[PDB]
């Protein structure tokens, strides 16, 4: 019980208090799934396309790894939902870094082949040779990202194109 009361407006819009939207990191545009509970409740929960995608991500990340041999992360808007190459305990279900959020917002794919000391997981700085990120934008809306990285090899067009292909394929799925 937050015991916050709001009225529903003409148009059936209720405002979710900013407190809530922060403790749940719901940003403008975020999709929420609605349920009615037995008790008659209305239920709102973040809707993560990319995450209930469940195993596209896993299978995709696995293939990228078999093919390129680099570490591969796929995230929704909040956590990493698939990990290959690197260790799952390190990344799976962990909060993405701020760099990831902005890259996703920036909507454009990136390739850093130099400049080490990056954060993939919120608050953890990591040794890194190079990485590339392909934001997964479905319906103009960033809903996740694909990350390929290497702690001792340089990324090039090969891996850069690969995240673009992955992001594009995955995006299409969510449409």
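Positions refer to the first chain, counted from 1.
Of the two segments examined, 102 to 110 and 62 to 70, it is 102 to 110 that shows the higher average Cα temperature factor in the deposited entry. The stretch with the higher mean CA B factor, choosing between 155 to 163 and 17 to 25, is 17 to 25.
Out of 122, 48, 117, 132, it is 117 whose C-alpha atom has the highest B-factor in the PDB entry. Sorting the modelled residues of the chain by their CA temperature factor places residue 174 in the highest third. Per the deposited record, the Cα B-factor of residue 53 falls in the highest third when ranked against the other modelled residues of its chain.
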